[PDB]
């Protein structure tokens, strides 16, 4: 039987969240600014297809996010999000978007000034999980040397990195318009 490639046998991987939380908590401000989605694994919840540009502002307690790009129907779209600590005190963040749902998000690795590797995972009641991974860049392109760092990080928690698909970015994108939305 065929199932989607983002439904995978087994339980979500462990991820040493307490380590990452302690490393990231004092650096929150540095995570703010603009991040471009360089690539992601197949994700049925993402409404923005191309030129995905995420603007993060940090208010000391959470990040407010303005995500923009071209939707699957070819129109420009702006979505409003928030990233805040998980409400039960677990050492991870919730990413929540307006008119959507919220999901756990771990920053598996970032150097803050070039790239970030992101990960979210959900267990089902029937012996499978679904995970969603992103590679984020501070610019429209990202050098092979940083892509490999994410690839290693994902490979290490057992994610099939052949699942990554590159997002359209670059001078074909109307970034100046997107920022006015």
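Positions refer to the first chain, counted from 1.
**Student:** Regarding 152-160 and 43-51, which shows the higher C-alpha temperature factor on average in the entry?
**Tutor:** Result: 152-160.
**Student:** Out of 166-174 and 7-15, which one has CA B-factors that are higher on average in the deposited record?
**Tutor:** On average, C-alpha B-factors are higher across 7-15.
**Student:** What's the residue among 104, 85, 74, 81 with the greatest CA temperature factor in the PDB record?
**Tutor:** The record points to 74.
**Student:** Compared with the other modelled residues in the chain, in which third is the CA B-factor of residue 58?
**Tutor:** CA B-factor rank for residue 58: highest third.
**Student:** For residue 144, does the deposited CA B-factor place it in the lowest, middle or highest third of the chain?
**Tutor:** Its C-alpha B-factor, which the entry lists for residue 144, ranks in the highest third among residues of this chain.
**Student:** Determine, from the deposited record, the chain-internal third of the Cα B-factor for residue 120: lowest, middle or highest.
**Tutor:** Tercile = lowest for this residue's CA B-factor.
**Student:** Within this chain, which third does the Cα B-factor at residue 69 fall in: lowest, middle or highest?
**Tutor:** Tercile = lowest for this residue's CA B-factor.
**Student:** Among all modelled residues of this chain, ranked by Cα B factor, put residue 29 in the bottom, middle or top third, i.e. lowest, middle or highest.
**Tutor:** Highest third - that is where residue 29 ends up once the chain's C-alpha B-factors are sorted.
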